[PDB]
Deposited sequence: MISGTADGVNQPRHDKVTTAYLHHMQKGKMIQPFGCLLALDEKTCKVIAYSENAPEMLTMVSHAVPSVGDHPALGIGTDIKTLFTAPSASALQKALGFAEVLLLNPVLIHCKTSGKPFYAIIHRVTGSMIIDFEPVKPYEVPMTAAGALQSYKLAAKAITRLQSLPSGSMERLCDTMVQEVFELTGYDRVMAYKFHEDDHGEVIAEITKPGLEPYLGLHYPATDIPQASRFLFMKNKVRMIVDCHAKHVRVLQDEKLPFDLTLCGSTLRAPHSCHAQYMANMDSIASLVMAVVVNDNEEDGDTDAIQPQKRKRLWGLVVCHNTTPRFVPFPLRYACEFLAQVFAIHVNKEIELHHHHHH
């Protein structure tokens, strides 16, 4: 049941908007319902729209040029400007067979001159983290995980950061934790397997970093071309809305916002666990920082697998 509704991914979070394009025609074959408002000035946006009508000439050309690379050759994000408004967005591209799917995340105008500076700064901080993991003496899973949650806490600014390990019966245990002062600790607690369905663990193998900005936000529908006789697969989107059971789960534990990083060993390939960030209030972090976190989690996974041996 869970996998169907997560794979189709027809509901997104409202912090961004989504377009899907036909690789052959470059025209819009699906869009989220908030996309006309975000990207135009309400020359419309609908099924069949050409993207050269929406963005400035260098922007349209950069996206058009992405159509011609293999996915492993995609460099994200792309900085685009809207043609009428001048509004800037980060465009995050991925491919599913003959479709190109694009997530658009807003950028503040005063942030634009700092886009390269901020990207370098995020990766530099992550790189300094990697050196401290590596400097650590071997022999203690506990010290390794403490160092990791401490580094992530400083890098990401969330109220709570946990290392969550899966046991062989698939139930989980919180084995390391750092929080801001007032909060209730979860260190040492065990949780049922069913708190994280099989389908979610499966998706984490491919989508290694997941952000939920606000569990109470009103989700937005994706509309697709009525001519299509199948559903598009949108689960690779950075914007996919959380299933309502989990959004209800979040509100109950006063984690209004979250950032989760998969820890995949032998990347025998196995989901060892998760690094779980919670925030009491809504929180957004831009793509370059999440991208750096993905690499930090990869290196962490190498050290985890070393200690096992």
| field | Chain regions without C-alpha coordinates, deposited sequence numbering | value | 1-19, 62-71, 297-310, 353-359
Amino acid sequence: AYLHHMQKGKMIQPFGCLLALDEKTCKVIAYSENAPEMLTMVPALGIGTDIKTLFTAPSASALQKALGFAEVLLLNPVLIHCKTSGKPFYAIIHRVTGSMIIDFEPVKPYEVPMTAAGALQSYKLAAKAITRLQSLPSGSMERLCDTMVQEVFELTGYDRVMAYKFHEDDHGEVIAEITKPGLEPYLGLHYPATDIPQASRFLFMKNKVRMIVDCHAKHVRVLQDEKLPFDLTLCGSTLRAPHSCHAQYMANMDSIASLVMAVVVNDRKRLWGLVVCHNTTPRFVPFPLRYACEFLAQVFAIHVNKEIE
From here on, numbers count along this sequence of modelled residues.
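The term rigid core refers to the maximal set of C-alpha atoms that superpose within 1.5 Å between the two forms.
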| note | Core-aligned CA RMS in 5 other deposited structures of this protein: between 170-178 and 224-232 the higher one is 224-232
| task | Give yes or no for this: do at least a third of the other compared entries, each modelling residues before and after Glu33, lack coordinates for it? | result | no
| query | At least a third of the other compared entries: do they leave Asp267 without coordinates? | reply | yes
| note | Entry B factor averaged over C-alpha atoms, 136-144 against 182-190: higher for 136-144
| task | Using only the Cα atoms and their B-factors as the entry lists them, report which of 243-251 and 50-58 averages higher. | result | 243-251
| task | In terms of CA temperature factor as recorded, identify the highest of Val152, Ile175, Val107, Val72. | result | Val72
| task | Using the entry's values, work out which of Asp159, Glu168, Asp103, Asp231 has the largest Cα B factor. | result | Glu168
| task | Report the third (lowest, middle or highest) to which the CA temperature factor of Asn207 belongs, ranking only the modelled residues of the same chain. | result | middle
| note | On the chain's distribution of Cα B-factors, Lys124 falls within the third called lowest
| task | Quick one: classify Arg201 as lowest, middle or highest third of the chain based on its Cα B-factor. | result | highest
| Where the record places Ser258 (Cα B-factor, split into thirds across the chain) | middle
| field | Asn279 - which third its CA temperature factor falls in, relative to the rest of the chain | value | middle
